[PDB]
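**Student:** Structure supplied as data21.tsv; contents: TSV, N, CA and C atoms.
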```tsv
chain	number	residue	atom	x	y	z
A	1	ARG	N	64.16	-76.45	-17.67
A	1	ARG	CA	62.97	-77.27	-17.32
A	1	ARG	C	61.76	-76.34	-17.13
A	2	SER	N	61.36	-75.67	-18.20
A	2	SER	CA	60.19	-74.74	-18.13
A	2	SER	C	58.92	-75.51	-17.78
A	3	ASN	N	58.11	-74.94	-16.89
A	3	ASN	CA	56.84	-75.59	-16.46
A	3	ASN	C	55.66	-75.09	-17.29
A	4	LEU	N	54.78	-76.01	-17.66
A	4	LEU	CA	53.58	-75.65	-18.47
A	4	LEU	C	52.71	-74.65	-17.73
A	5	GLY	N	52.58	-74.84	-16.43
A	5	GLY	CA	51.76	-73.92	-15.59
A	5	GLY	C	52.28	-72.47	-15.64
A	6	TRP	N	53.61	-72.29	-15.63
A	6	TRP	CA	54.19	-70.92	-15.61
A	6	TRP	C	53.80	-70.06	-16.82
A	7	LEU	N	53.76	-70.63	-18.02
A	7	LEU	CA	53.37	-69.81	-19.21
A	7	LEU	C	51.96	-69.26	-19.02
A	8	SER	N	51.10	-70.10	-18.47
A	8	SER	CA	49.68	-69.73	-18.19
A	8	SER	C	49.60	-68.55	-17.22
A	9	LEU	N	50.46	-68.53	-16.24
A	9	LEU	CA	50.46	-67.43	-15.23
A	9	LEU	C	50.69	-66.07	-15.91
A	10	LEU	N	51.56	-66.05	-16.91
A	10	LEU	CA	51.93	-64.78	-17.61
A	10	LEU	C	50.75	-64.06	-18.28
A	11	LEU	N	49.82	-64.78	-18.90
A	11	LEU	CA	48.64	-64.13	-19.60
A	11	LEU	C	47.71	-63.28	-18.68
A	12	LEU	N	47.44	-63.74	-17.45
A	12	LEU	CA	46.47	-63.04	-16.52
A	12	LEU	C	46.83	-61.58	-16.14
A	13	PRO	N	48.06	-61.22	-15.89
A	13	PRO	CA	48.42	-59.80	-15.53
A	13	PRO	C	48.36	-58.70	-16.65
A	14	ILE	N	48.60	-58.97	-17.96
A	14	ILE	CA	48.54	-57.82	-18.93
A	14	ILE	C	47.11	-57.30	-19.16
A	15	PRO	N	46.10	-58.15	-19.17
A	15	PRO	CA	44.68	-57.71	-19.37
A	15	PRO	C	44.27	-56.57	-18.43
A	16	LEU	N	44.91	-56.51	-17.26
A	16	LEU	CA	44.54	-55.45	-16.24
A	16	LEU	C	44.73	-54.04	-16.79
A	17	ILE	N	45.80	-53.81	-17.54
A	17	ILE	CA	46.06	-52.44	-18.09
A	17	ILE	C	44.91	-51.97	-18.99
A	18	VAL	N	44.36	-52.88	-19.80
A	18	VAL	CA	43.24	-52.50	-20.72
A	18	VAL	C	42.03	-51.99	-19.94
A	19	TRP	N	41.75	-52.63	-18.81
A	19	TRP	CA	40.58	-52.25	-17.97
A	19	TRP	C	40.65	-50.80	-17.47
A	20	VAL	N	41.84	-50.34	-17.08
A	20	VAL	CA	41.96	-48.95	-16.56
A	20	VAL	C	41.53	-47.91	-17.60
A	21	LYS	N	41.89	-48.14	-18.86
A	21	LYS	CA	41.56	-47.18	-19.96
A	21	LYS	C	40.05	-46.97	-20.12
A	22	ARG	N	39.27	-48.04	-20.00
A	22	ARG	CA	37.79	-47.91	-20.17
A	22	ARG	C	37.18	-46.94	-19.16
A	23	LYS	N	37.65	-46.98	-17.91
A	23	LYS	CA	37.11	-46.07	-16.86
A	23	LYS	C	37.32	-44.62	-17.26
A	24	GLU	N	38.48	-44.32	-17.84
A	24	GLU	CA	38.81	-42.94	-18.28
A	24	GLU	C	40.25	-42.87	-18.78
A	25	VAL	N	40.71	-41.65	-19.07
A	25	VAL	CA	42.10	-41.43	-19.56
A	25	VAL	C	42.75	-40.26	-18.82
A	26	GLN	N	41.99	-39.18	-18.67
A	26	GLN	CA	42.50	-37.97	-17.96
A	26	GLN	C	41.34	-37.19	-17.35
A	27	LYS	N	40.17	-37.29	-17.98
A	27	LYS	CA	38.96	-36.58	-17.48
A	27	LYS	C	37.71	-37.09	-18.20
A	28	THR	N	36.91	-36.18	-18.73
A	28	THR	CA	35.67	-36.57	-19.46
A	28	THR	C	36.00	-37.04	-20.87
B	1	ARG	N	42.75	-80.93	-21.55
B	1	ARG	CA	41.76	-81.29	-22.61
B	1	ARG	C	40.61	-80.29	-22.58
B	2	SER	N	40.48	-79.56	-21.48
B	2	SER	CA	39.39	-78.55	-21.33
B	2	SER	C	39.90	-77.32	-20.59
B	3	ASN	N	40.42	-77.53	-19.39
B	3	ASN	CA	40.95	-76.40	-18.57
B	3	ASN	C	42.16	-75.77	-19.26
B	4	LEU	N	42.98	-76.61	-19.86
B	4	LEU	CA	44.20	-76.13	-20.57
B	4	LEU	C	43.83	-75.16	-21.69
B	5	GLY	N	42.76	-75.48	-22.40
B	5	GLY	CA	42.30	-74.61	-23.52
B	5	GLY	C	41.96	-73.19	-23.05
B	6	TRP	N	41.32	-73.07	-21.87
B	6	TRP	CA	40.90	-71.73	-21.37
B	6	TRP	C	42.06	-70.75	-21.17
B	7	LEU	N	43.19	-71.20	-20.64
B	7	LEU	CA	44.34	-70.26	-20.43
B	7	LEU	C	44.78	-69.65	-21.75
B	8	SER	N	44.80	-70.48	-22.79
B	8	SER	CA	45.20	-70.03	-24.16
B	8	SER	C	44.28	-68.92	-24.66
B	9	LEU	N	43.00	-69.02	-24.38
B	9	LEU	CA	42.03	-67.98	-24.84
B	9	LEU	C	42.39	-66.60	-24.27
B	10	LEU	N	42.84	-66.57	-23.02
B	10	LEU	CA	43.16	-65.27	-22.34
B	10	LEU	C	44.26	-64.45	-23.05
B	11	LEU	N	45.31	-65.09	-23.56
B	11	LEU	CA	46.43	-64.34	-24.25
B	11	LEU	C	46.01	-63.52	-25.51
B	12	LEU	N	45.12	-64.06	-26.36
B	12	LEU	CA	44.75	-63.36	-27.68
B	12	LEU	C	44.14	-61.95	-27.51
B	13	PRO	N	43.30	-61.74	-26.55
B	13	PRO	CA	42.67	-60.41	-26.26
B	13	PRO	C	43.61	-59.22	-25.92
B	14	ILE	N	44.68	-59.37	-25.09
B	14	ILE	CA	45.50	-58.17	-24.77
B	14	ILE	C	46.31	-57.68	-25.97
B	15	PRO	N	46.91	-58.57	-26.72
B	15	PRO	CA	47.72	-58.19	-27.92
B	15	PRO	C	46.98	-57.19	-28.82
B	16	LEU	N	45.65	-57.18	-28.74
B	16	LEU	CA	44.85	-56.24	-29.60
B	16	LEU	C	45.22	-54.78	-29.33
B	17	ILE	N	45.42	-54.43	-28.06
B	17	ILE	CA	45.78	-53.02	-27.72
B	17	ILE	C	47.08	-52.60	-28.41
B	18	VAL	N	48.04	-53.51	-28.44
B	18	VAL	CA	49.35	-53.21	-29.08
B	18	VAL	C	49.17	-52.86	-30.57
B	19	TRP	N	48.27	-53.58	-31.24
B	19	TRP	CA	48.03	-53.38	-32.70
B	19	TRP	C	47.55	-51.97	-33.07
B	20	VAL	N	46.66	-51.38	-32.27
B	20	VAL	CA	46.15	-50.01	-32.61
B	20	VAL	C	47.29	-49.00	-32.67
B	21	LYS	N	48.25	-49.11	-31.75
B	21	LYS	CA	49.41	-48.17	-31.75
B	21	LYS	C	50.16	-48.29	-33.07
B	22	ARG	N	50.31	-49.52	-33.56
B	22	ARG	CA	51.01	-49.77	-34.84
B	22	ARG	C	50.30	-49.04	-35.98
B	23	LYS	N	48.97	-49.05	-35.94
B	23	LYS	CA	48.16	-48.38	-36.99
B	23	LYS	C	48.48	-46.88	-37.04
B	24	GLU	N	48.65	-46.28	-35.87
B	24	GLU	CA	48.96	-44.83	-35.79
B	24	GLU	C	47.81	-44.01	-36.36
B	25	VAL	N	48.15	-42.94	-37.09
B	25	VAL	CA	47.14	-42.04	-37.72
B	25	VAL	C	45.99	-41.73	-36.76
B	26	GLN	N	45.02	-40.95	-37.23
B	26	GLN	CA	43.85	-40.58	-36.38
B	26	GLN	C	42.75	-39.97	-37.23
B	27	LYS	N	41.51	-40.41	-37.00
B	27	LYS	CA	40.35	-39.88	-37.77
B	27	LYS	C	39.04	-40.36	-37.15
B	28	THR	N	39.05	-40.60	-35.84
B	28	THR	CA	37.83	-41.07	-35.13
B	28	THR	C	37.03	-39.89	-34.59
C	1	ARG	N	43.85	-73.28	-36.63
C	1	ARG	CA	44.62	-74.38	-35.97
C	1	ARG	C	46.00	-73.86	-35.58
C	2	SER	N	46.49	-74.28	-34.42
C	2	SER	CA	47.83	-73.84	-33.94
C	2	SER	C	48.41	-74.85	-32.96
C	3	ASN	N	49.74	-74.87	-32.85
C	3	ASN	CA	50.43	-75.81	-31.93
C	3	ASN	C	50.35	-75.31	-30.49
C	4	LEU	N	50.50	-76.23	-29.54
C	4	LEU	CA	50.44	-75.86	-28.10
C	4	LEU	C	51.52	-74.85	-27.76
C	5	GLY	N	52.70	-75.04	-28.33
C	5	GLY	CA	53.83	-74.11	-28.08
C	5	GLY	C	53.49	-72.68	-28.53
C	6	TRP	N	52.81	-72.54	-29.67
C	6	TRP	CA	52.48	-71.19	-30.23
C	6	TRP	C	51.63	-70.33	-29.28
C	7	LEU	N	50.65	-70.90	-28.60
C	7	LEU	CA	49.80	-70.07	-27.69
C	7	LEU	C	50.67	-69.43	-26.61
C	8	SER	N	51.61	-70.21	-26.11
C	8	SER	CA	52.56	-69.73	-25.05
C	8	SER	C	53.37	-68.53	-25.54
C	9	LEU	N	53.78	-68.55	-26.80
C	9	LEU	CA	54.58	-67.43	-27.37
C	9	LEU	C	53.80	-66.10	-27.28
C	10	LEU	N	52.49	-66.16	-27.52
C	10	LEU	CA	51.64	-64.93	-27.54
C	10	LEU	C	51.64	-64.15	-26.21
C	11	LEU	N	51.61	-64.83	-25.07
C	11	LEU	CA	51.62	-64.13	-23.72
C	11	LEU	C	52.88	-63.24	-23.46
C	12	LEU	N	54.07	-63.72	-23.87
C	12	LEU	CA	55.37	-62.97	-23.59
C	12	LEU	C	55.46	-61.54	-24.19
C	13	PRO	N	55.00	-61.29	-25.38
C	13	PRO	CA	55.06	-59.91	-25.99
C	13	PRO	C	54.12	-58.81	-25.41
C	14	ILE	N	52.93	-59.11	-24.84
C	14	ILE	CA	52.07	-57.98	-24.36
C	14	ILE	C	52.64	-57.28	-23.13
C	15	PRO	N	53.22	-57.99	-22.21
C	15	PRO	CA	53.80	-57.36	-20.99
C	15	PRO	C	54.73	-56.19	-21.31
C	16	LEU	N	55.43	-56.28	-22.45
C	16	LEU	CA	56.41	-55.21	-22.84
C	16	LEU	C	55.78	-53.82	-23.02
C	17	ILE	N	54.58	-53.74	-23.60
C	17	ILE	CA	53.94	-52.40	-23.82
C	17	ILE	C	53.70	-51.65	-22.51
C	18	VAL	N	53.28	-52.35	-21.46
C	18	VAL	CA	52.99	-51.65	-20.17
C	18	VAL	C	54.23	-50.92	-19.65
C	19	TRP	N	55.40	-51.55	-19.78
C	19	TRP	CA	56.65	-50.90	-19.31
C	19	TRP	C	56.87	-49.59	-20.05
C	20	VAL	N	56.57	-49.61	-21.35
C	20	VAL	CA	56.73	-48.39	-22.20
C	20	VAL	C	55.84	-47.26	-21.69
C	21	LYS	N	54.63	-47.62	-21.26
C	21	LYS	CA	53.66	-46.61	-20.75
C	21	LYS	C	54.23	-45.87	-19.54
C	22	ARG	N	54.91	-46.60	-18.66
C	22	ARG	CA	55.50	-45.97	-17.45
C	22	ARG	C	56.50	-44.89	-17.85
C	23	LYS	N	57.28	-45.16	-18.88
C	23	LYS	CA	58.28	-44.18	-19.38
C	23	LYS	C	57.59	-42.89	-19.82
C	24	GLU	N	56.44	-43.04	-20.48
C	24	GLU	CA	55.67	-41.87	-20.96
C	24	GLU	C	56.53	-41.00	-21.88
C	25	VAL	N	56.60	-41.40	-23.15
C	25	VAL	CA	57.41	-40.64	-24.14
C	25	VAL	C	56.70	-39.36	-24.56
C	26	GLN	N	57.46	-38.41	-25.09
C	26	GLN	CA	56.87	-37.11	-25.54
C	26	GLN	C	55.82	-37.35	-26.62
C	27	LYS	N	55.30	-36.26	-27.18
C	27	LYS	CA	54.27	-36.36	-28.25
C	27	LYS	C	53.23	-37.43	-27.89
C	28	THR	N	52.92	-38.30	-28.85
C	28	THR	CA	51.93	-39.39	-28.61
C	28	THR	C	50.64	-38.82	-28.03
```
Output the file's structure as structure tokens, nothing else.
**Tutor:**
Amino acid sequence: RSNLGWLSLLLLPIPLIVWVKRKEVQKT
Amino acid sequence: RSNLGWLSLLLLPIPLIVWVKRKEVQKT
Amino acid sequence: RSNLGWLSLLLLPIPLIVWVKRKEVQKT
């Protein structure tokens, strides 16, 4: 009995990893 | 009919990061 | 155009790449 709301929850957490890369990678 | 559509939009953007790794190579 | 079920499929595969990053493989 999979809930429609639960699939939606999954998309919000992966985008966070992309944001860290823009700030930097190791230095300049 | 409106709010449901927005959650779907969020998933397409992260998958893009995975694709660059598949490309491999380097020349930037 | 795409089915409602298809958008849900897209969220499940991106989470996997982040786990790989924690492992931190050689080279790359």
**Student:** Looking at only N, CA and C atoms, which of B:14, B:28, B:21, B:4 is the one that sits closest to chain C?
**Tutor:**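 Distance minimum relative to chain C lands on B:14.
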**Student:** Identify every residue of chain C that has at least one atom within 6.5 Å of any atom of chain B, counting all atoms listed in the file, and report the result as a list in words.
**Tutor:**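 Residues of chain C within 6.5 Å of chain B, counting all atoms listed in the file: residues 7, 10, 11 and 14 of chain C.
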**Student:** Once chain B is fitted to chain C on all Cα atoms paired one-to-one in order, how large is the remaining RMSD?
**Tutor:** 3.3 Å
**Student:** Rebuild stretch 5-25 of chain A so that it carries N, CA, C and O atoms, then output the result as a CSV table (one decimal), keeping the file's coordinate frame.
**Tutor:**
```csv
chain,number,residue,atom,x,y,z
A,5,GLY,N,52.6,-74.8,-16.4
A,5,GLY,CA,51.8,-73.9,-15.6
A,5,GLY,C,52.3,-72.5,-15.6
A,5,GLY,O,51.5,-71.5,-15.6
A,6,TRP,N,53.6,-72.3,-15.6
A,6,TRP,CA,54.2,-70.9,-15.6
A,6,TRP,C,53.8,-70.1,-16.8
A,6,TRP,O,53.5,-68.9,-16.7
A,7,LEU,N,53.8,-70.6,-18.0
A,7,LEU,CA,53.4,-69.8,-19.2
A,7,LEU,C,52.0,-69.3,-19.0
A,7,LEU,O,51.7,-68.1,-19.3
A,8,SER,N,51.1,-70.1,-18.5
A,8,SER,CA,49.7,-69.7,-18.2
A,8,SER,C,49.6,-68.6,-17.2
A,8,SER,O,48.8,-67.7,-17.4
A,9,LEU,N,50.5,-68.5,-16.2
A,9,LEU,CA,50.5,-67.4,-15.2
A,9,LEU,C,50.7,-66.1,-15.9
A,9,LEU,O,50.1,-65.1,-15.5
A,10,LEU,N,51.6,-66.0,-16.9
A,10,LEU,CA,51.9,-64.8,-17.6
A,10,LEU,C,50.8,-64.1,-18.3
A,10,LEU,O,50.7,-62.9,-18.3
A,11,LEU,N,49.8,-64.8,-18.9
A,11,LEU,CA,48.6,-64.1,-19.6
A,11,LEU,C,47.7,-63.3,-18.7
A,11,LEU,O,47.2,-62.3,-19.1
A,12,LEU,N,47.4,-63.7,-17.4
A,12,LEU,CA,46.5,-63.0,-16.5
A,12,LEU,C,46.8,-61.6,-16.1
A,12,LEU,O,45.9,-60.8,-16.1
A,13,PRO,N,48.1,-61.2,-15.9
A,13,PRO,CA,48.4,-59.8,-15.5
A,13,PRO,C,48.4,-58.7,-16.6
A,13,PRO,O,48.1,-57.6,-16.3
A,14,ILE,N,48.6,-59.0,-18.0
A,14,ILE,CA,48.5,-57.8,-18.9
A,14,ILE,C,47.1,-57.3,-19.2
A,14,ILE,O,46.9,-56.1,-19.3
A,15,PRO,N,46.1,-58.2,-19.2
A,15,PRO,CA,44.7,-57.7,-19.4
A,15,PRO,C,44.3,-56.6,-18.4
A,15,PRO,O,43.4,-55.8,-18.7
A,16,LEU,N,44.9,-56.5,-17.3
A,16,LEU,CA,44.5,-55.4,-16.2
A,16,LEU,C,44.7,-54.0,-16.8
A,16,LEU,O,43.9,-53.2,-16.5
A,17,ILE,N,45.8,-53.8,-17.5
A,17,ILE,CA,46.1,-52.4,-18.1
A,17,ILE,C,44.9,-52.0,-19.0
A,17,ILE,O,44.5,-50.8,-19.0
A,18,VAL,N,44.4,-52.9,-19.8
A,18,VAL,CA,43.2,-52.5,-20.7
A,18,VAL,C,42.0,-52.0,-19.9
A,18,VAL,O,41.4,-51.1,-20.4
A,19,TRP,N,41.8,-52.6,-18.8
A,19,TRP,CA,40.6,-52.2,-18.0
A,19,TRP,C,40.6,-50.8,-17.5
A,19,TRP,O,39.7,-50.1,-17.4
A,20,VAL,N,41.8,-50.3,-17.1
A,20,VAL,CA,42.0,-49.0,-16.6
A,20,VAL,C,41.5,-47.9,-17.6
A,20,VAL,O,40.9,-46.9,-17.3
A,21,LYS,N,41.9,-48.1,-18.9
A,21,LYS,CA,41.6,-47.2,-20.0
A,21,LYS,C,40.0,-47.0,-20.1
A,21,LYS,O,39.6,-45.9,-20.4
A,22,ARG,N,39.3,-48.0,-20.0
A,22,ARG,CA,37.8,-47.9,-20.2
A,22,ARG,C,37.2,-46.9,-19.2
A,22,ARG,O,36.3,-46.2,-19.5
A,23,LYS,N,37.6,-47.0,-17.9
A,23,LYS,CA,37.1,-46.1,-16.9
A,23,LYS,C,37.3,-44.6,-17.3
A,23,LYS,O,36.4,-43.8,-17.1
A,24,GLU,N,38.5,-44.3,-17.8
A,24,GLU,CA,38.8,-42.9,-18.3
A,24,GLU,C,40.2,-42.9,-18.8
A,24,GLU,O,40.9,-43.9,-18.9
A,25,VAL,N,40.7,-41.6,-19.1
A,25,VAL,CA,42.1,-41.4,-19.6
A,25,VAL,C,42.8,-40.3,-18.8
A,25,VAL,O,43.9,-40.3,-18.4
```
